[PDB]
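Structure file my_file-v4.txt (compact mmCIF, C-alpha atoms and all ligand atoms) follows.
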# COMPACT_ATOMS: atom_id res chain seq x y z
CA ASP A 3 -9.52 -130.37 31.51
CA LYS A 4 -11.53 -128.26 33.97
CA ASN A 5 -9.78 -124.91 34.32
CA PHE A 6 -12.23 -122.09 35.10
CA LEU A 7 -11.59 -118.28 35.12
CA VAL A 8 -13.98 -116.20 37.22
CA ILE A 9 -13.84 -112.47 36.32
CA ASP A 10 -15.77 -110.35 38.85
CA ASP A 11 -14.70 -107.34 40.95
CA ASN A 12 -16.76 -108.59 43.92
CA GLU A 13 -14.17 -110.81 45.56
CA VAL A 14 -16.65 -112.25 48.05
CA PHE A 15 -19.05 -113.36 45.35
CA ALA A 16 -16.11 -114.60 43.29
CA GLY A 17 -14.80 -116.68 46.19
CA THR A 18 -18.15 -118.30 46.87
CA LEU A 19 -18.47 -119.24 43.21
CA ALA A 20 -14.86 -120.51 43.11
CA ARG A 21 -15.38 -122.70 46.15
CA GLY A 22 -18.59 -124.21 44.67
CA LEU A 23 -16.81 -124.96 41.39
CA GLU A 24 -13.79 -126.46 43.21
CA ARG A 25 -16.12 -128.85 45.09
CA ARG A 26 -17.21 -130.02 41.63
CA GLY A 27 -13.62 -130.62 40.57
CA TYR A 28 -12.82 -127.41 38.69
CA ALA A 29 -9.50 -125.66 39.16
CA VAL A 30 -10.47 -121.95 39.50
CA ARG A 31 -8.58 -118.67 39.06
CA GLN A 32 -10.16 -115.30 39.88
CA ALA A 33 -9.59 -111.87 38.28
CA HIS A 34 -11.10 -108.77 39.90
CA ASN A 35 -10.38 -106.20 37.21
CA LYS A 36 -9.49 -105.95 33.51
CA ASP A 37 -5.69 -105.97 34.08
CA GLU A 38 -5.87 -109.21 36.10
CA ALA A 39 -8.29 -110.82 33.61
CA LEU A 40 -5.95 -110.15 30.66
CA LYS A 41 -2.86 -111.24 32.65
CA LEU A 42 -4.48 -114.56 33.57
CA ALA A 43 -6.09 -115.15 30.15
CA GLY A 44 -2.63 -114.60 28.60
CA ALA A 45 -0.90 -117.04 30.93
CA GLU A 46 -2.99 -120.20 31.19
CA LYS A 47 -5.62 -122.10 29.12
CA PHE A 48 -9.18 -122.04 30.47
CA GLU A 49 -12.03 -124.28 29.42
CA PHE A 50 -14.66 -122.02 31.04
CA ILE A 51 -14.79 -118.30 31.76
CA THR A 52 -17.42 -116.16 33.53
CA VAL A 53 -17.50 -112.42 32.89
CA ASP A 54 -19.14 -109.71 35.09
CA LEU A 55 -20.29 -106.64 33.14
CA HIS A 56 -19.95 -103.92 35.72
CA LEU A 57 -16.36 -104.74 36.50
CA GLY A 58 -15.56 -102.04 39.08
CA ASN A 59 -14.01 -99.19 37.02
CA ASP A 60 -13.78 -101.53 33.97
CA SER A 61 -16.16 -102.69 31.20
CA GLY A 62 -16.61 -106.51 31.27
CA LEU A 63 -18.26 -106.25 27.88
CA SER A 64 -14.99 -104.83 26.47
CA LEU A 65 -13.15 -107.96 27.68
CA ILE A 66 -15.16 -110.47 25.68
CA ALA A 67 -13.52 -110.05 22.24
CA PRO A 68 -9.91 -110.06 23.63
CA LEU A 69 -10.78 -113.12 25.74
CA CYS A 70 -12.08 -114.97 22.68
CA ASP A 71 -8.80 -114.10 20.86
CA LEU A 72 -6.72 -115.42 23.76
CA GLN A 73 -8.99 -118.35 24.55
CA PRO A 74 -10.51 -119.55 21.29
CA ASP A 75 -11.43 -122.96 22.78
CA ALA A 76 -13.09 -121.56 26.00
CA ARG A 77 -16.85 -121.45 26.68
CA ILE A 78 -17.56 -117.90 27.84
CA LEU A 79 -20.63 -116.90 29.91
CA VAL A 80 -21.64 -113.36 30.93
CA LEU A 81 -22.87 -113.56 34.51
CA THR A 82 -24.36 -110.20 35.65
CA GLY A 83 -26.41 -108.35 38.26
CA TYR A 84 -27.12 -105.74 35.58
CA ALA A 85 -28.97 -107.84 33.03
CA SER A 86 -30.44 -106.27 29.89
CA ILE A 87 -31.38 -107.29 26.38
CA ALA A 88 -29.07 -104.65 24.97
CA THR A 89 -25.97 -105.95 26.75
CA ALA A 90 -26.88 -109.56 25.92
CA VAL A 91 -27.11 -108.69 22.18
CA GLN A 92 -23.67 -106.97 22.26
CA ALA A 93 -22.06 -109.66 24.42
CA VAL A 94 -23.01 -112.36 21.92
CA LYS A 95 -21.74 -110.25 19.01
CA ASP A 96 -18.42 -109.89 20.89
CA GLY A 97 -18.18 -113.69 21.16
CA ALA A 98 -19.90 -114.72 24.39
CA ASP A 99 -21.47 -118.15 24.25
CA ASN A 100 -24.29 -117.37 26.72
CA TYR A 101 -25.58 -114.86 29.24
CA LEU A 102 -27.16 -115.32 32.69
CA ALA A 103 -28.65 -112.98 35.26
CA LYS A 104 -27.44 -113.10 38.85
CA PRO A 105 -28.37 -114.72 41.10
CA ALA A 106 -27.59 -118.12 39.59
CA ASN A 107 -26.37 -121.27 41.31
CA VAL A 108 -23.34 -123.31 40.36
CA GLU A 109 -25.43 -126.03 38.59
CA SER A 110 -27.17 -123.44 36.40
CA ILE A 111 -23.89 -121.65 35.62
CA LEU A 112 -22.41 -124.99 34.44
CA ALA A 113 -25.63 -125.77 32.48
CA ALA A 114 -25.44 -122.36 30.74
CA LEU A 115 -21.87 -123.12 29.63
CA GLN A 116 -22.73 -126.31 27.72
CA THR A 117 -23.05 -126.64 23.94
CA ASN A 118 -26.54 -125.74 22.65
CA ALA A 119 -27.62 -124.30 26.05
CA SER A 120 -28.79 -121.04 24.47
CA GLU A 121 -30.98 -122.83 21.91
CA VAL A 122 -32.74 -124.82 24.71
CA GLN A 123 -33.17 -121.68 26.82
CA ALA A 124 -34.65 -119.72 23.89
CA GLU A 125 -37.23 -122.46 23.26
CA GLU A 126 -38.15 -122.65 26.98
CA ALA A 127 -38.63 -118.85 26.93
CA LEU A 128 -40.97 -118.94 23.94
CA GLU A 129 -43.05 -121.64 25.71
CA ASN A 130 -43.28 -119.59 28.89
CA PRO A 131 -44.34 -116.02 28.03
CA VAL A 132 -44.57 -113.76 31.06
CA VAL A 133 -47.37 -111.40 32.15
CA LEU A 134 -47.25 -109.15 35.27
CA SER A 135 -49.93 -107.38 37.32
CA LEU A 139 -53.53 -96.32 38.21
CA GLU A 140 -49.95 -97.45 37.57
CA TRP A 141 -51.44 -98.49 34.22
CA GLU A 142 -52.54 -94.90 33.53
CA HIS A 143 -49.05 -93.56 34.41
CA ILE A 144 -47.30 -95.99 32.04
CA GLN A 145 -49.81 -95.23 29.23
CA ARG A 146 -49.03 -91.51 29.71
CA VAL A 147 -45.21 -91.85 29.63
CA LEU A 148 -45.52 -94.25 26.66
CA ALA A 149 -47.66 -91.72 24.73
CA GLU A 150 -45.24 -88.89 25.64
CA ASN A 151 -42.45 -90.99 24.13
CA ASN A 152 -44.26 -91.65 20.80
CA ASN A 153 -45.24 -95.24 21.85
CA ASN A 154 -41.57 -96.17 22.40
CA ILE A 155 -41.08 -98.81 25.14
CA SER A 156 -37.28 -98.33 25.21
CA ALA A 157 -37.60 -94.59 25.99
CA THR A 158 -40.52 -95.31 28.34
CA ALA A 159 -38.46 -97.99 30.18
CA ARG A 160 -35.60 -95.53 30.76
CA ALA A 161 -37.98 -92.78 31.97
CA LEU A 162 -39.76 -95.15 34.39
CA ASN A 163 -36.45 -96.64 35.56
CA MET A 164 -37.70 -100.15 34.85
CA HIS A 165 -36.60 -102.92 32.49
CA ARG A 166 -38.12 -103.03 29.03
CA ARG A 167 -39.12 -106.66 29.71
CA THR A 168 -40.97 -105.56 32.87
CA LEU A 169 -42.88 -102.81 31.02
CA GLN A 170 -43.89 -105.28 28.30
CA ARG A 171 -45.08 -107.94 30.78
CA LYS A 172 -47.11 -105.34 32.61
CA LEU A 173 -48.61 -104.07 29.33
CA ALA A 174 -49.48 -107.61 28.11
CA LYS A 175 -53.17 -108.69 28.01
CA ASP B 3 -32.11 -98.75 -2.03
CA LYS B 4 -34.86 -98.86 0.61
CA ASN B 5 -36.64 -102.19 0.29
CA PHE B 6 -38.04 -103.39 3.63
CA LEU B 7 -39.53 -106.85 4.51
CA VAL B 8 -41.89 -106.92 7.49
CA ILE B 9 -42.43 -110.49 8.82
CA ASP B 10 -45.26 -110.61 11.39
CA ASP B 11 -48.44 -112.72 11.54
CA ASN B 12 -50.43 -109.77 12.92
CA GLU B 13 -51.50 -108.19 9.64
CA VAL B 14 -52.93 -105.10 11.34
CA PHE B 15 -49.71 -104.33 13.16
CA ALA B 16 -47.77 -105.15 10.00
CA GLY B 17 -49.87 -102.74 7.94
CA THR B 18 -49.44 -99.89 10.40
CA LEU B 19 -45.68 -100.40 10.37
CA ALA B 20 -45.63 -100.67 6.56
CA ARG B 21 -47.57 -97.45 6.14
CA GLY B 22 -45.21 -95.57 8.53
CA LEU B 23 -42.16 -96.86 6.65
CA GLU B 24 -43.72 -95.97 3.26
CA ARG B 25 -44.26 -92.37 4.46
CA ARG B 26 -40.49 -92.33 5.05
CA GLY B 27 -39.80 -93.54 1.53
CA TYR B 28 -39.34 -97.27 2.05
CA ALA B 29 -40.87 -99.78 -0.33
CA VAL B 30 -42.39 -102.44 2.00
CA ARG B 31 -43.44 -106.08 1.54
CA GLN B 32 -45.19 -108.04 4.29
CA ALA B 33 -45.04 -111.77 5.12
CA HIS B 34 -47.45 -113.22 7.69
CA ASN B 35 -46.00 -116.71 8.05
CA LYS B 36 -42.81 -118.67 7.39
CA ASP B 37 -43.85 -119.81 3.87
CA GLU B 38 -44.51 -116.22 2.75
CA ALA B 39 -41.30 -114.95 4.39
CA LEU B 40 -39.15 -117.51 2.53
CA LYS B 41 -41.02 -116.93 -0.76
CA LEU B 42 -40.44 -113.17 -0.58
CA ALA B 43 -36.85 -113.42 0.73
CA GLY B 44 -36.10 -115.74 -2.22
CA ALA B 45 -37.60 -113.40 -4.80
CA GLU B 46 -36.41 -109.86 -4.10
CA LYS B 47 -33.45 -108.10 -2.39
CA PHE B 48 -34.21 -106.33 0.90
CA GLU B 49 -32.04 -103.81 2.67
CA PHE B 50 -33.98 -104.14 5.95
CA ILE B 51 -35.99 -106.97 7.50
CA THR B 52 -38.02 -107.14 10.73
CA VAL B 53 -38.78 -110.53 12.26
CA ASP B 54 -41.56 -111.38 14.80
CA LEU B 55 -40.72 -114.32 17.07
CA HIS B 56 -44.13 -115.75 17.78
CA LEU B 57 -45.05 -116.05 14.14
CA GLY B 58 -48.51 -117.63 14.42
CA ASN B 59 -47.87 -121.40 14.12
CA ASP B 60 -44.24 -120.69 13.05
CA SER B 61 -40.93 -119.92 14.83
CA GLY B 62 -39.55 -116.49 13.76
CA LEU B 63 -36.29 -117.43 15.42
CA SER B 64 -35.96 -120.37 12.99
CA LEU B 65 -36.20 -117.91 10.06
CA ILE B 66 -33.17 -115.83 10.97
CA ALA B 67 -30.37 -118.11 9.66
CA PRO B 68 -32.15 -118.88 6.31
CA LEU B 69 -32.87 -115.15 5.90
CA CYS B 70 -29.20 -114.29 6.42
CA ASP B 71 -28.29 -116.93 3.76
CA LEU B 72 -30.77 -115.44 1.29
CA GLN B 73 -30.13 -111.83 2.24
CA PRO B 74 -26.47 -111.52 3.22
CA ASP B 75 -26.48 -107.72 2.73
CA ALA B 76 -29.73 -107.06 4.75
CA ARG B 77 -29.88 -105.52 8.25
CA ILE B 78 -32.13 -107.82 10.26
CA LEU B 79 -33.97 -106.76 13.45
CA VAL B 80 -36.06 -108.99 15.75
CA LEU B 81 -39.11 -106.99 16.76
CA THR B 82 -41.17 -108.86 19.41
CA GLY B 83 -43.97 -108.66 21.98
CA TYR B 84 -42.34 -111.66 23.69
CA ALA B 85 -38.97 -110.20 24.61
CA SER B 86 -36.45 -112.21 26.62
CA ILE B 87 -32.71 -112.37 27.14
CA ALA B 88 -32.69 -115.99 26.05
CA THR B 89 -34.29 -115.32 22.66
CA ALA B 90 -32.09 -112.25 22.12
CA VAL B 91 -28.92 -114.36 22.71
CA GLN B 92 -30.10 -117.04 20.21
CA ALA B 93 -31.33 -114.50 17.65
CA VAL B 94 -27.93 -112.85 17.52
CA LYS B 95 -26.19 -116.22 17.21
CA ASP B 96 -28.51 -116.99 14.25
CA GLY B 97 -27.41 -113.76 12.56
CA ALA B 98 -29.77 -111.01 13.70
CA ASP B 99 -28.19 -107.59 13.82
CA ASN B 100 -30.36 -106.27 16.69
CA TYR B 101 -33.41 -106.95 18.81
CA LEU B 102 -36.20 -104.65 20.04
CA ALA B 103 -39.21 -105.10 22.29
CA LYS B 104 -42.64 -104.04 21.08
CA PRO B 105 -44.00 -101.46 21.28
CA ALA B 106 -41.49 -99.45 19.26
CA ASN B 107 -42.10 -96.55 16.89
CA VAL B 108 -40.90 -96.29 13.32
CA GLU B 109 -37.99 -93.91 14.21
CA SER B 110 -36.67 -96.33 16.86
CA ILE B 111 -37.06 -99.33 14.54
CA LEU B 112 -34.97 -97.50 11.89
CA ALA B 113 -32.43 -96.44 14.59
CA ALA B 114 -32.09 -100.07 15.75
CA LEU B 115 -31.29 -101.14 12.19
CA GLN B 116 -28.25 -98.87 11.77
CA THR B 117 -24.61 -99.94 11.99
CA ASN B 118 -23.26 -99.94 15.57
CA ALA B 119 -26.76 -99.46 17.08
CA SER B 120 -26.33 -102.40 19.44
CA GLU B 121 -23.02 -101.08 20.80
CA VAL B 122 -24.63 -97.67 21.61
CA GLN B 123 -27.65 -99.36 23.20
CA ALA B 124 -25.46 -101.62 25.36
CA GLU B 125 -23.52 -98.61 26.69
CA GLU B 126 -26.76 -96.67 27.41
CA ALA B 127 -28.02 -99.73 29.33
CA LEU B 128 -24.91 -99.97 31.48
CA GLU B 129 -25.27 -96.24 32.33
CA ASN B 130 -28.91 -96.66 33.30
CA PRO B 131 -29.27 -99.64 35.67
CA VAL B 132 -32.84 -100.29 36.72
CA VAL B 133 -34.32 -100.85 40.20
CA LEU B 134 -38.02 -101.59 40.92
CA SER B 135 -40.18 -101.33 44.05
CA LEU B 139 -44.52 -109.05 51.64
CA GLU B 140 -44.01 -109.64 47.91
CA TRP B 141 -40.34 -109.51 48.93
CA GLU B 142 -40.86 -112.43 51.35
CA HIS B 143 -42.64 -114.49 48.64
CA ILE B 144 -39.81 -113.98 46.11
CA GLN B 145 -37.15 -114.81 48.76
CA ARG B 146 -39.05 -118.05 49.48
CA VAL B 147 -39.38 -119.18 45.83
CA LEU B 148 -35.73 -118.19 45.22
CA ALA B 149 -34.57 -120.30 48.20
CA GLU B 150 -36.77 -123.23 47.06
CA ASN B 151 -35.01 -123.05 43.69
CA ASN B 152 -31.45 -123.12 45.15
CA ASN B 153 -30.98 -119.32 44.65
CA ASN B 154 -31.65 -119.65 40.89
CA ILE B 155 -33.29 -116.52 39.39
CA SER B 156 -34.06 -118.28 36.07
CA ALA B 157 -36.09 -121.03 37.80
CA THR B 158 -37.59 -118.45 40.18
CA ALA B 159 -38.60 -116.22 37.22
CA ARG B 160 -40.43 -119.11 35.53
CA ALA B 161 -42.20 -120.11 38.77
CA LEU B 162 -43.33 -116.52 39.46
CA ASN B 163 -44.33 -116.00 35.82
CA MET B 164 -42.23 -112.84 35.62
CA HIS B 165 -39.20 -111.81 33.55
CA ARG B 166 -35.76 -112.51 34.96
CA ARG B 167 -34.93 -108.81 34.47
CA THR B 168 -37.99 -107.84 36.56
CA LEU B 169 -37.01 -110.20 39.41
CA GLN B 170 -33.47 -108.80 39.42
CA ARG B 171 -34.62 -105.14 39.45
CA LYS B 172 -36.97 -105.91 42.31
CA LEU B 173 -34.20 -107.71 44.22
CA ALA B 174 -31.68 -104.86 43.67
CA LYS B 175 -30.68 -102.66 46.66
CA CA C 1 -19.56 -105.86 39.57
CA CA C 2 -47.02 -112.75 16.62

Rewrite the coordinates I just gave you, this time as structure tokens.
Amino acid sequence: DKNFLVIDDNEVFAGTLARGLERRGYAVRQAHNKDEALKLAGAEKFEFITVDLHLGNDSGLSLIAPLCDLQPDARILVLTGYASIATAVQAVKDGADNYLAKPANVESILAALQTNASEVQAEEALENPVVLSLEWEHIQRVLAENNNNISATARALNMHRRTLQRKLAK
Amino acid sequence: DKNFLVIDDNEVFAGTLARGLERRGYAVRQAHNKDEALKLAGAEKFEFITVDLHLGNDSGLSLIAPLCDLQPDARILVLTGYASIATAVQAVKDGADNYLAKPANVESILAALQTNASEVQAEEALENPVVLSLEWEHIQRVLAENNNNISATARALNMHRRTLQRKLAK
């Protein structure tokens, strides 16, 4: 069957995604907060579920384990405008099948939900390492002040760790 | 006990890490390729293991499951100069306990190996969203040419998805 649960507090985004999925033949329900997500996930069987992390006042990450318990057969994808390695690690531990940064289109969201999608994506990443172009001197200073710690340096510079690393790469 | 296995093909980096761990009382073995890693992990019990992804001619990612089978009690950390969400997702599925971008110092490597470290790091990330500063017009063009897909856009621009997202953020 093709029942899809979209969990995101942004109802406009959620509606656009729902309409795109419906045009592809999915039957879509939306939840805009943790109460609604648990109500829905306790009432109907879903084959696919998307989960926003910054769920208004609620933690989307905190929903993943309870969702897996309610929906053991569902494929579950974190779909987030706040992407980070740290949340991706914890989301997978909690039971998420995959994790995608916004913006993503409907085709890529469906792709990311399929069996083995993560393994393909990991290989593609290893084949395509990223490098990014006075700023250099400022980052070398903050990095040295943080005992050569990119995580601490990332937080101080208000940039992603991945961005720091790509900029530091030869 | 405090037996530590460092798996990295860069023997200079591996030696510097080993010496820093030894000064903290760990007994360290190094493996520089997949053959050595499996030989060591089949011969002695380790409490901690670090795994490089781009392991010379070898896949570090491919080592994680066999290492968990040989070393069910070990804490296992991916430590990589090629960080990506996609490899972090797959590494955790394979059994890694955590994942850190290089450069990291010895204190942060040890921190990342402790129980519950990932959950703390995920919370810290959600509290500290990142935003980054004509380039805008070029990224809006590639994004539109890729059907609003940040993953495809990231690969085309040769930048990290996280970097794109932070630069797109309001
Ligand atoms: Ca949100
Ligand atoms: Ca390497």

Quiz item: Using only C-alpha atoms, which residues sit within 9 Å of range 48-63 of chain A once same-chain residues fewer than 4 positions away are excluded, as a ChimeraX atom specification?
Solution: /A:3-12,34-36,43,67,69,73,75-85,89,92-93,96,111-112,115 /B:124,128

How close does chain B get to chain A? List, as a tab-separated table, each residue of chain B within 8 Å, its nearest atom pair and the distance in Å to one decimal, counting all atoms listed in the file.
residue	atom	partner	partner_atom	distance
B:56	CA	A:128	CA	7.6
B:83	CA	A:170	CA	7.2
B:84	CA	A:131	CA	6.5
B:85	CA	A:167	CA	6.2
B:86	CA	A:167	CA	6.9
B:87	CA	A:87	CA	5.3
B:88	CA	A:124	CA	4.7
B:89	CA	A:124	CA	4.6
B:90	CA	A:91	CA	6.1
B:91	CA	A:91	CA	6.0
B:92	CA	A:120	CA	6.0
B:94	CA	A:91	CA	6.3
B:95	CA	A:94	CA	6.9
B:100	CA	A:91	CA	6.8
B:101	CA	A:91	CA	7.4
B:103	CA	A:166	CA	7.1
B:104	CA	A:155	CA	6.8
B:105	CA	A:155	CA	5.5
B:106	CA	A:154	CA	4.5
B:107	CA	A:154	CA	5.5
B:110	CA	A:154	CA	7.4
B:120	CA	A:92	CA	6.0
B:121	CA	A:92	CA	6.1
B:123	CA	A:88	CA	5.8
B:124	CA	A:89	CA	4.6
B:125	CA	A:89	CA	7.7
B:127	CA	A:88	CA	6.7
B:128	CA	A:84	CA	7.4
B:130	CA	A:160	CA	7.2
B:131	CA	A:84	CA	6.5
B:132	CA	A:164	CA	5.2
B:133	CA	A:164	CA	6.4
B:134	CA	A:164	CA	6.2
B:152	CA	A:107	CA	6.6
B:153	CA	A:107	CA	6.0
B:154	CA	A:106	CA	4.5
B:155	CA	A:105	CA	5.5
B:156	CA	A:106	CA	7.4
B:160	CA	A:130	CA	7.2
B:163	CA	A:132	CA	5.3
B:164	CA	A:132	CA	5.2
B:165	CA	A:132	CA	6.2
B:166	CA	A:103	CA	7.1
B:167	CA	A:85	CA	6.2
B:168	CA	A:168	CA	5.3
B:170	CA	A:83	CA	7.2
B:171	CA	A:164	CA	7.5

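Interatomic distance, CA of residue 44 in chain B to CA of residue 29 in chain B: 16.8 Å.
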
Self-check item: CA of residue 15 in chain A to CA of residue 30 in chain A, distance in Å rounded to a single decimal
Solution: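 Pair CA of residue 15 in chain A / CA of residue 30 in chain A returns 13.5 Å.
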
Exercise. Tell me, in Å to one decimal, how far CA of residue 38 in chain A is from CA of residue 14 in chain A.
Key: 16.4 Å

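The nearest approach to ligand CA 1 (chain C) among the residues A:42, A:23, A:33, A:147, with only C-alpha atoms and all ligand atoms taken into account, belongs to A:33.
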